[PDB]
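Within every chain, numbering begins at 1; the chains are lettered A, B, ... in the order of the sequence lines, protein sequences first and strands thereafter. Because only heavy atoms are used, hydrogens play no part in the values below, and waters and symmetry mates are left out as well, while side chains stay in.
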Amino acid sequence: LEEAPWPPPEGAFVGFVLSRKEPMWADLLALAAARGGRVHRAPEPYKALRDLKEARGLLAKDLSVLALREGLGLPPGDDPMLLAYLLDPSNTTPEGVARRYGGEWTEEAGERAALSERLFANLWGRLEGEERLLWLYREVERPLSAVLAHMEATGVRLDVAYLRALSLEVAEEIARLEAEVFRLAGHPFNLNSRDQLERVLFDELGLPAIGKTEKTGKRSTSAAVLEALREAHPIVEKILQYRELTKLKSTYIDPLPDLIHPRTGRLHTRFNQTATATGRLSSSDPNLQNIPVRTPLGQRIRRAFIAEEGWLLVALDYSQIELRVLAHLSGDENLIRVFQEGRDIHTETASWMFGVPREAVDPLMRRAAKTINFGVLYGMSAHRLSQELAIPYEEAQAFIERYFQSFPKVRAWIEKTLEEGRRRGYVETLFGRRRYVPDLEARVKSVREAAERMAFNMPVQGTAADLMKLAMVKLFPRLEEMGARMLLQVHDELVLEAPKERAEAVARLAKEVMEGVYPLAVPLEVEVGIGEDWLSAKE
DNA sequence: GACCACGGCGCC
DNA sequence: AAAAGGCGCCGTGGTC
Ligand SMILES: C#Cc1ccc(C#Cc2cn([C@H]3C[C@H](O)[C@@H](COP(=O)(O)OP(=O)(O)OP(=O)(O)O)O3)c(=O)[nH]c2=O)cc1
Ligand SMILES: [Mg+2]
Ligand SMILES: [Mg+2]
Ligand SMILES: [Mg+2]
């Protein structure tokens with residue numbers, strides 16, 4: 001390429017180098033742009049940012065996030081990563097995409113700029129003819145990246161002093177548990193070490209081993225194994241409680257408070273847009289899509305996520321979402337009838353599980369049933385079901401049989417989906433998002449059958465993902481106009497932040513936009529709650 | 001210090 | 001553990 005002076009022309013492709021991967025924390029080391037066999041390198045990267053109309057290139061969102069941090073409204077535009085991911089969602093890294101589509105991901109801004117332009121040309125040409133993938137790029141993914149940038153740069157408030165106080169309390173409980181565990185073992189050991197614990201449990205206490213680990217074939221000490229051993233020795237229960245507290249303390253209570261950004265006073269995750277096989281987003285550094293909620297200590301941690309003073313959080317969550325999608329994809333009359341009648345599959349399974357009438361099902365009962373409902377849908381074995389519910393094997397077998405016989409077309413849809421996946425080599429969502437599954441043709445049954453479960457799940461989980469993404473795209477401009485904020489997406493859930501005076505109107509609006517995102521053969525319902533913290537905002 | 005495979009486990 | 005699918009992070013034991 002030929003060196004030309006900064007600034008580049010309009011529509012040029014950017015390349016930039018960060019001191020670290022997280023845009024909210026990085027120093028902008030270098031910045032460059034490329035167009036028309038020219039490369040323009042910027043003397044002063046930060047000042048050079050004021051010269052761009054949009055971030056166009058590999059990882060566009062990240063530079064946009066950094067620009068937003070510095071008070072610059074630089075929106076992300078075309079990004080070759082998005083094109084590659086739509087062509088084949090195994091395209092997840094710039095290193096991989098470069099190797100596959102025509103260059104090398106280096107550590108130099110100018111080469112990265114030239115690389116962005118080359119890759120965009122090639123990938124765009126491969127997208128020609130693919131009208132449905134084109135529709136997803138222009139109407140969903142590309143504008144979505146703008147929305148995600150604003151979400152990352154805005155972040156979410158955390159009650160730091162609360163978490164610190166909670167730490168000290170949980171530290172003391174952990175000490176009680178480990179001390180009791182050592183007493184029962186007769187000696188101390190590293191309780192955090194599953195190799196040491198296995199020896200204690202199965203060699204010293206002579207407990208029966210239940211299962212083996214995958215790669216190394218050791219005797220498993222997982223929660224499920226321990227659960228099976230709960231009656232066998234008093235140490236087991238203590239170990240389960242220890243596992244829960246230390247998981248929560250080391251993963252959330254201790255690290256979160258140290259991640260508060262000095263400028264914003266808030267927590268800033270990254271919303272990774274090309275990271276899953278199904279079209280879901282992922283969240284990292286920190287992951288805020290896996291904040292605890294299910295156990296009492298977990299709920300206490302979730303409370304730490306709060307609104308700015310004078311504002312309220314609004315949480316909206318699609319009802320039974322993948323079941324609704326499955327009703328649309330499969331066309332099962334019975335399943336459609338369920339939703340047109342306003343019924344609840346989770347609640348109904350809960351009624352069976354606990355042996356109570358539908359009217360007498362508490363939220364806890366309904367929620368334990370959700371894990372059962374999807375486990376079965378996506379292929380859980382009778383054996384596992386019987387062990388999870390502590391019922392006889394043949395009772396678990398019966399539940400699974402009735403489950404599919406009551407929704408007769410679901411199995412037909414699965415069979416069609418797999419058949420089509422064998423011929424084409426890929427499966428797709430309602431909007432044409434593809435996932436390649438070559439192992440549908442594998443000659444080893446266990447491999448083929450795992451491939452099959454991956455394959456028929458993808459259209460369902462992926463269609464739900466498409467709907468959520470499209471809804472964020474439609475919702476975002478409305479919120480800006482109302483002076484409200486989009487903070488987090490947790491798969492089928494959105495968390496917003498609204499001025500207290502408008503929290504209610506924002507809630508109503510958001511609900512309507514999400515339920516009407518894309519009319520199906522069944523209604524989409526959204527549960528919405530409002531509160532001063534994340535826990536109270538989901539009731 | 002930084003990486004890794006692994007088992008394990010938090011959320012959807 | 002197990003014929004659920006999809007993620008990212010943690011500590012240990014280990015290397016470099
Ligand atoms: C307390 C509690 C609690 C919270 C969440 C779950 C869960 C879940 C799962 C969700 N999913 C998919 C299908 C779900 O429809 C989708 C969204 O999860 P989620 O919002 O929790 O459930 P869903 O929408 O079906 O019902 P909802 O309670 O009406 O929201 O993610 C799974 O594939 N497997 C699961 O185990 C289980 C218990
Ligand atoms: Mg839901
Ligand atoms: Mg949800
Ligand atoms: Mg170490």
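Dashed line: the shortest gap from a side-chain N or O of A:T278 to OP1 or OP2 of C:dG5 is not under 4.0 Å. An OP1 or OP2 oxygen of C:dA4 is reached within less than 4.0 angstrom by a side-chain nitrogen or oxygen of A:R384.
A negative value of the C1'-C2'-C3'-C4' dihedral assigns C:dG11 to the south, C2'-endo side.
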Distance-only donor-acceptor pairs under 3.5 Å for side chains of residues 408-416 of chain A, two or more places apart:
| residue | atom | partner | partner atom | Å |
| --- | --- | --- | --- | --- |
| A:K409 | NZ | A:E333 | OE2 | 3.3 |
| A:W413 | NE1 | A:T417 | OG1 | 3.4 |

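With a 4.5 Å cut-off on side-chain heavy atoms, A:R402 and A:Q405 count as touching.
A heavy atom closer than 4.0 Å to some atom of DNA chain C occurs in A:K212, A:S220, A:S222, A:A224, A:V225, A:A228, these being the qualifying members of residues 212-230 of chain A.
Nearer to the 5' terminus of DNA chain C, by closest-nucleotide assignment, is the contact made by A:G379 (compared with the other of A:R435 and A:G379).
Nearest heavy atom pair, residue A:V427 against residue A:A455, reads CG2-O, 3.5 Å.
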Subject >> Base versus backbone protein contacts along nucleotides 8-16 of chain C [heavy-atom cut-off under 4.0 Å; B, S, -] >> reply: SSSSSS---
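A:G211 comes within 4.0 angstrom of sugar-phosphate atoms only, judged by non-hydrogen atoms across all strands, and of no base. Looking at heavy-atom distances under 4.0 Å, A:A382 makes no contact with the nucleic acid at all.
We find that A:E22 and A:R270 are not joined by a salt bridge, their nearest charged nitrogen and carboxylate oxygen being 4.0 Å or further apart. Remark: A:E493 engages A:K538 in a salt bridge, criterion side-chain N to carboxylate O under 4.0 Å. Using a 4.0 Å cut-off between a side-chain N of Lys or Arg and a carboxylate O of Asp or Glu, A:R294 and A:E244 do not qualify as a salt bridge.
Geometrically, A:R424 engages A:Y426 in a cation-pi contact, judged by NZ or CZ lying under 6.0 Å from the ring centre and within 45° of the ring axis.
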